[PDB]
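[1] Experimental structure and sequence below, a few questions after.
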Amino acid sequence: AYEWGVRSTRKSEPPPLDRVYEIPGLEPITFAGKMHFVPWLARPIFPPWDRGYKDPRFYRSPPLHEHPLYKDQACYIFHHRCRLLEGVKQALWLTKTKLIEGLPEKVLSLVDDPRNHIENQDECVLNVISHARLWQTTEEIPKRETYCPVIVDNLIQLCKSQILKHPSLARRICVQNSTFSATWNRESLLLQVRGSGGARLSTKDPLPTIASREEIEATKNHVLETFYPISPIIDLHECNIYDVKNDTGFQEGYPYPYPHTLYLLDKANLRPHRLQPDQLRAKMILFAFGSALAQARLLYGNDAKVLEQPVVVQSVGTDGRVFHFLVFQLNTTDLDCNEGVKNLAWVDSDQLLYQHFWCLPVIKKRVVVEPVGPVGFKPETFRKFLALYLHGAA
Amino acid sequence: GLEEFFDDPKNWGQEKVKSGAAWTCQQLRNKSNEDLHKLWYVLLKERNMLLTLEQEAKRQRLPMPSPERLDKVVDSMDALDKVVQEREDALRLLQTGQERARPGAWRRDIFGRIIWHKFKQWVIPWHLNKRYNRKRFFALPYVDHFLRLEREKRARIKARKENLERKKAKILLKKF
Amino acid sequence: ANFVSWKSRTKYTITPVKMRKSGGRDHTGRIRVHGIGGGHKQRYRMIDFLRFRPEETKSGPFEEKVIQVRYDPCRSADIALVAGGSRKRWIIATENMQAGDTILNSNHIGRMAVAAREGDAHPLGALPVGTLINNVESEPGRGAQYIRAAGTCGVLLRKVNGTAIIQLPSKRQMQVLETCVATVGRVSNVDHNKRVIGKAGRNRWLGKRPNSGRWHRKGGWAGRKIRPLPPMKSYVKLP
Amino acid sequence: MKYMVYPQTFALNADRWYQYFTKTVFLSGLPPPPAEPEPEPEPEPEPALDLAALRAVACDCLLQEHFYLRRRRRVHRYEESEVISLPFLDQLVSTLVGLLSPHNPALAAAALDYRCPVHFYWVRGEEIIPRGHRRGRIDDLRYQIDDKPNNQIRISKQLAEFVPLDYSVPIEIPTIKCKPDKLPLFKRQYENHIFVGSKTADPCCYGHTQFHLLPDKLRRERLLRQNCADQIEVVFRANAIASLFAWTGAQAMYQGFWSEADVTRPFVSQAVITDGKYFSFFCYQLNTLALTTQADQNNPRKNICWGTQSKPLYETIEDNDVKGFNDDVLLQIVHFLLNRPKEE
Amino acid sequence: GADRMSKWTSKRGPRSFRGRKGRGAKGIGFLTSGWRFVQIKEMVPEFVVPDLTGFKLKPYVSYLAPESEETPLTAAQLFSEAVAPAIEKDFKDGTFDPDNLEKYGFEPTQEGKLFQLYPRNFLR
Amino acid sequence: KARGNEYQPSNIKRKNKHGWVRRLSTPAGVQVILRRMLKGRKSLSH
Amino acid sequence: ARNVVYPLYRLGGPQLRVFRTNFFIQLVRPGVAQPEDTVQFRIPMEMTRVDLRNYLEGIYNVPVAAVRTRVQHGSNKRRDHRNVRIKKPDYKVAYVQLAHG
RNA sequence: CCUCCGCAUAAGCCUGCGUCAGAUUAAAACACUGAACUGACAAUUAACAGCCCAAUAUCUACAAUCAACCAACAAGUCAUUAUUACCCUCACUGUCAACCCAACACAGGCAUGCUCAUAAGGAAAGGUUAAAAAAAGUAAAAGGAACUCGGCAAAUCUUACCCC
RNA sequence: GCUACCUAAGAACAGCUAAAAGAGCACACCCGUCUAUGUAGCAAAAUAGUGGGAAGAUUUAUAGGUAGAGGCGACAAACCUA
RNA sequence: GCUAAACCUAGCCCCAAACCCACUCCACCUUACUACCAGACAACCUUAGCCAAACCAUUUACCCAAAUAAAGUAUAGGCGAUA
Ligand SMILES: [Mg+2]
Ligand SMILES: [Mg+2]
Ligand SMILES: [Mg+2]
Ligand SMILES: [Mg+2]
Ligand SMILES: [Mg+2]
Ligand SMILES: [Mg+2]
Ligand SMILES: [Mg+2]
Ligand SMILES: [Mg+2]
Ligand SMILES: [Mg+2]
Ligand SMILES: [Mg+2]
Ligand SMILES: [Mg+2]
Ligand SMILES: [Mg+2]
Ligand SMILES: [Mg+2]
Ligand SMILES: [Mg+2]
């Protein structure tokens, strides 16, 4: 085996001691009294030294073989960086959920009504996009990190401004900086999800059940694919020190316990730092699954059985040009076997809001070709976003 | 307040100020401890006022009315400092029994000069420090020639001084 | 001369580590190898040359899966990250290796030969006579060192009882122990000798200074040497 | 060479210095409501402002960021005004502009930004360079305000004014007889910016009410320990004056108004500056703009900046609830966000 | 060439030298990871100023004060003035013990009390 | 061309090439300082 | 105090207290224009801001608001008779301000 | 009238055209009094850049070029996790200038931003006459390289052939 | 610290034709083929254009290393503080 | 007669005798003239060369033990200038 350790880069061994310590019954005459390092044969052996008073700036942590939270088995914690390879495959294998291409008919029946629209939705969203893309800062070409959350909150405010039409939107709040935690088993493999996204929307009333019992019972006959050359524990933080818990981001007494729609952000000014679309889909699937599992553990206790009242925890992940909608629904908690009842989720892939934006007018031979403005626009993405936002409040 | 930095308003420009006879060592040794501390504070305030007056006189391009008061306060505070240092040394000899509260030892540097190294008081010990170990303390056989040359130079200096003294004595005996 | 090597990483990882150029400077600072200096910045990839290696709590054979084939500027051939199990390690790519391929890293030597493909690896004791192999080792559990460039490959000659003579690309024979793991097939990035340079800008980008301008008179070593084939060097230790 | 007028300064009597540098006056108390238009149609729908729900949502948003929150360390005393009060402020302004949408239709199309800088550049006063190779020559005194509030509400139209343009006040502007370099004020040289929160191509050139927040350096206990009891309201007043002046300048220099060209209509501006518990209220109405010595020779117009004292909203949050909750502060907050533009 | 006879102050080095030199000021804290200073209230010299209300002593002495001989205050005089009377009193009765001497002010070590003399824990 | 500005004012290079630490980190500079002190140099190094 | 070795403070040690200080401040009249609240002093080279605040609030008991100090470098160009530069002693001026207005 | 300049940052001794008295003598290539001076008076106050990061193990292959079509090669300038301990807080270095390196107050040289000519900044001329000679600028009856070894300053704007 | 080479992090290049280019003219910039002025001059190597390059084998701010029985060298016995 | 000519003392060299010294407080090994933090590696080595022998390759007092005569004697030395 070719070792990766260079002798010139590692710490060199200390020189051997002199020929005075190998004499049984003879004490050496070193320089331990003059308190300075000498040229004259002087190099003894100093005993270890420790500090009697602990200092936060000079505190050493003990090794991992005696921590109070150390266990024999290693867990797998997923957060907001674990770039999974086979995103959808690992997501469906760890969450036990059937993949559905199209979206449910409820959001379509709620969004196709011409009355539930803005007085001038197209011009409003165009002005919002133009502002967030160019009129946000003093620079000419803003970075993705400085306009992604800006346009996110702009769209959130635009969707919230329709409270005067539907007297039910006042029961929402955009919670910032939240942490999730949910532990479960997956074929003798202890798993745990712990992430902190951008923002989340929490309501006081839970979302209604989407999938009825018919499709729930029919999904039992659906089997899940499993890759063989790759292990499902790939691209996961394998650690031995952890702590099992089923507590969500809010305890008892909080006015907004039930979530609604999770908002994940990929703020990165570089392509290598941005996540793949399949990776973002897997991340939002895992986040929705963790939220639903935490809600099930908090409401129906810590039991592994089938839930008679399913919960709906939606999610959506953007990046500054494309959108990825998600409608997740948990139906059971026992995930030890792969022959039981599966879950249902509606994933809408490939949803572009606009083709390209030109912050500066291109001039080819003293004449312009494309003026300043979002060239190419698809209102279907904004319609689906408004539908997912208004699905909570009828 | 801020009016203590000046003298009496009636003495604002009275040519000569009558103030003399500073403190002595015996009068300072006769006092206790709190009295000496309060007297030191009063002398410090007086020296600050005199410094302000001297600065104002130097800015106004006029001579100082009484410059001897500053020297008097200075020597009084120096005598008080000497008294308190002697008291501290006596107490240290009665308790610990070692002179000079600054510890150290006679160590030879690289230049071969027998100097008195003063301890810097660190946190970590010396057998693992990074900066203290880089401070060498050995002559190494190459400075003996320089030490011999310095000794010869000092011997020449002393011999020339003795020759000058002898020439002066001869001139004194010849003229007188 | 505070010359410290950039090879300060005793753990295998996947992130490309930044490397520092040398230009012919050792620990003293004098130029000892002429023709190196001034080139485009490159990043080093930790390439795992050892083919067969068991994972944690593993021992038997394991499957792999080729993901994506990239390019390595530190060599002529291209590399390809192949995932498998719960880890990902960089290995040398072979000819006709694309995305979605499946390779095997076995070690159990069978009674007869194994008609393996040009992607999987098997010990020399289970390969038929006359098979284009590459990345051959010298000692059991040491690592592949010979035949690792672009397109280079070797062909098995014969077998005796516990050795395996491998024909090297230099037309020279060389034997090795039977329990040595070697890949099967040819390395990718073929037709490398047909790469036309075009201008000195490419050589300056690669990091190669022009040769010396001094006119050196050719001595007696500039003539053609028609020499026979050197004898086969043996690596098998015999008591 | 231009100065750097920092709104969140730590100087002593910087309020009078800023009033002299901006030609503004201060009036203790809120401005009187415009009683010019007599509304005869006072008997119709009139949606009643349910203060109970507003107080409930306010206390909920306060306890969300102050009481219970899944944090990942302890609660460091430092940076506590950036992870507790800073998110609470934007949550409160968001829920306010969300609940006040049916009552005020102007907030439906308003652009609610989050932490956007506002810059403004002008010339005020002159002096004589003592040293350098340009001695004995006249030069201008340039200033620059680099303020970055937390939340801004920009609308399309302009709000209704309070006092007329030709309003006269017997209270003169404060003056100083010293060099402007005495307080912690310095001169640099960089790119001049006149920014309001968006570019000129945005149709939302005007605004409504801004919100600020003092950092951890300008706390109350830190000033009380440094023997500065009367240095609590002056910093708030100076910050409010600087922010409102920069906002009015950025709004006026986007329609074609500057030093020479004056204004044709006053620019009313509002701002709500608060800290971690105490809330302050200030007002402003841009009257004049020519501040150069060449144009400010016969300019009787003076700027007016209203304001009040700092009143706390809560008092000791403990026992999983609130102990004290003043209602007049919330009433003034919900009233300052319902100012509708004058539409005939 | 540059100057050599002048000392090295804090106005000679570039941007990387202004800071670590200083003018010999005593540090009262340290730095952190956010370019901040952590000042410790236990490191700043606290000036203890006593009350000067009922203090009848002027900084200048009158010329009517008689002079006296000057002599240093050695440790032997202080010893014979402080500890000698107590020792003579306890020995004249019959209770002196040369085993324990901690009741006269003598301390075998300096690590017990706060204000140590040989290491000098107090400033000035 | 105008070959006369053979000096570039810089304190970092001066301290790193002719500093007291560099002089005493090698017996050569120590002997140089000894000869300077023997001759009568008021200033030893930069 | 100046020219005195300060004791090394350990994490959790007693309060560093000085009795007989060795500082000499000088009240110098401002040369340029200054407001009515800013007072200019002259502290030695071994004195900071909090030390000056404590010195002014302990002895003179003057309410100090803010302290802004800087180093003044004396002139060094005057030549003697044997062609040698004359170094002037440097000092550190202060700019304290009152608290109660 | 010029602006092929100036203002800041970077490097650099640090007090080097502010006041007062001397201005009899002393340095202005001569004078007033002052960029080649003697002594006294005090400038510059940070928010500007630094002064930096408690450990044990682990994680980081899909560039930039409006990055959204396409297209590559020189294969590339930026990111975290689990655990332990830590709720004392705003101290320090400079903020002047007409300035640096070349023995100089030298037609030499110096990195980036700002309007590429403006709101920065300066005076080719001490006076008298129009000697010869020399240098820098406009053109000339006829020839346009016929003078010079050679199209050697110069303006028109210029094609083909040979060697390397 | 000027100059030969190397190393790590940065900056510079208007406009037109842009044939895809170690493309062309041309600002700032890198070097200096010729004329004229002086050789105790502005200068122990200067002044304007006629000049070549100016999207790359280009230039440059910072820091470090290679020194004489040698360093370096796209080889001039060229450079290593006039 | 203007320019400008002289006015003795800091002392300087070697003898005899004698052996000569090194913190008032702070700072001095990193960017000495810097109060405060985690790899401890750093000496132990024929000196050479010029000149002379008309060049020069062997060789050429210099080596640190008190005078002198022996004695420049035996000796070494391209058996020669020399030691
Ligand atoms: Mg070749
Ligand atoms: Mg050749
Ligand atoms: Mg300045
Ligand atoms: Mg010169
Ligand atoms: Mg001008
Ligand atoms: Mg003339
Ligand atoms: Mg003619
Ligand atoms: Mg001819
Ligand atoms: Mg020509
Ligand atoms: Mg070259
Ligand atoms: Mg080109
Ligand atoms: Mg070109
Ligand atoms: Mg040649
Ligand atoms: Mg000879």
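    Arrived safely, thanks for sending. Numbering: from 1, shown residues only, chains lettered A, B, ... in the order given. Ligands and ions are numbered 1, 2, ... in the order given.

[2] going forward, measure contacts between C-alpha atoms and count neighbours the same way
    OK.

[3] Contacts for stretch D:20-29, please.
    Contacts to stretch D:20-29, defined as Cα atoms under 8 Å, 6 or more residues apart in numbering or on different chains, come from residues D:19, D:124, D:171-176, D:245, D:291, D:302-308.

[4] try 6 Å
    Applying Cα atoms under 6 Å, 6 or more residues apart in numbering or on different chains, the contact partners of stretch D:20-29 are D:173-175, D:303-308.

[5] Can you tell me which of these are buried?
    Using 16 or more other Cα atoms under 10 Å in any protein chain shown as the burial test, these include D:173, D:303-308 as buried.

[6] nearest to residue E:64, of those?
    The shortest approach to residue E:64 among the buried ones among the contacts of stretch D:20-29 belongs to residue D:173, at 63.7 Å (Cα to Cα).

[7] Now distance to chain A and secondary structure too, for the contacts of stretch D:20-29, in TSV please.
    TSV is the format used below for the contacts of stretch D:20-29 (distance: Cα to the nearest Cα, whole Å; DSSP: H, G, I helix; E, B strand; the rest coil):
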residue	distance to chain A	secondary structure
D:173	34	coil
D:174	34	coil
D:175	35	coil
D:303	28	strand
D:304	30	strand
D:305	28	strand
D:306	30	strand
D:307	30	strand
D:308	31	coil
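
[8] Near RNA strand I, which residues of chain F are found?
    Counting by Cα under 7 Å from any atom of the strand, chain F comes close to RNA strand I at F:1-14, F:16-18.

[9] and the spatially most central residue of chain B, how far is that from RNA strand I?
    The centroid of chain B falls nearest to residue B:78 when counting by Cα atoms, centre = their mean (9.3 Å). Applying Cα to the nearest atom of the strand, to the nearest Å, the value for residue B:78 to RNA strand I is 47 Å.

[10] Where does that residue sit, in terms of helix or strand?
    In the assignment (DSSP states H and E), residue B:78 maps to helix B:68-95.

[11] So for that helix, what gets flagged as buried?
    Buried residues in helix B:68-95, counted by 16+ other Cα under 10 Å: B:69-70, B:72-74, B:76-77, B:79-81, B:83-84, B:86-87, B:89-95.

[12] And it, how far out from the chain middle?
    Remark: helix B:68-95 is offset 12 Å from the chain centroid, using Cα atoms, centre = their mean, to the nearest Å.

[13] Which neighbours in the sheet does the next helix or strand after it have, and how are they oriented?
    Note on helix B:68-95: by DSSP H and E, the next helix or strand toward the C-terminus is strand B:104-108. Strand pairing for strand B:104-108, using DSSP bridges, gives strand B:114-118 (antiparallel).

[14] what's near enough to touch the residue nearest to the spatial centre of chain G?
    The C-alpha lying nearest the average C-alpha coordinate of chain G belongs to residue G:43 (Cα atoms, centre = their mean; 2.0 Å). Shown in contact with residue G:43 (Cα under 6 Å, 6+ apart): G:25, G:92-93.

[15] give me the number of residues near the residue of chain F found nearest RNA strand J?
    Residue nearest to RNA strand J within chain F: residue F:19 (4.0 Å; Cα to the nearest atom of the strand). Counted with other Cα atoms under 10 Å in any protein chain shown, the neighbours of residue F:19 add up to 16.

[16] Spatially, which residue comes closest to it, not counting chain neighbours?
    Distance criterion Cα to Cα, 6 or more residues apart in numbering or on different chains; nearest residue to residue F:19, sequence neighbours excluded, is residue F:46 at 6.1 Å.

[17] before we move on, what SS does residue C:90 have?
    Three-state assignment for residue C:90 (DSSP: H, G, I helix; E, B strand; the rest coil): strand.

[18] and it, bridged to which residues?
    With DSSP bridges as the criterion, residue C:90 is bridged to residue C:47, residue C:81.

[19] you'd agree it is up against residue C:81?
    Yes - Residue C:90 is in contact with residue C:81 according to Cα atoms under 6 Å; the separation is 4.8 Å.

[20] Show me whatever sits in contact with both of these two.
    In contact with both residue C:90 and residue C:81: no residue, using Cα under 6 Å, 6+ apart.

[21] Give me the nearest residue to residue A:383, chain neighbours excluded.
    That would be residue A:111: by Cα to Cα, 6+ apart, it lies 6.8 Å from residue A:383.

[22] Is it correct that the one you found is in contact with residue A:386?
    No - the criterion here is Cα under 6 Å, and residue A:111 misses it with residue A:386 at 7.4 Å.

[23] which stretch of helix or strand covers the closest residue to chain C within chain B?
    The nearest approach of chain B to chain C comes at residue B:134, 17.9 Å away (Cα to the nearest Cα). If you go by DSSP H and E, residue B:134 is not part of any helix or strand.

[24] and what of residue D:133?
    Element membership for residue D:133 (DSSP H and E) is empty, with no helix or strand holding it.

[25] Next one: it from chain B, what distance?
    Noted for residue D:133: a distance of 28 Å to chain B, by Cα to the nearest Cα, to the nearest Å.
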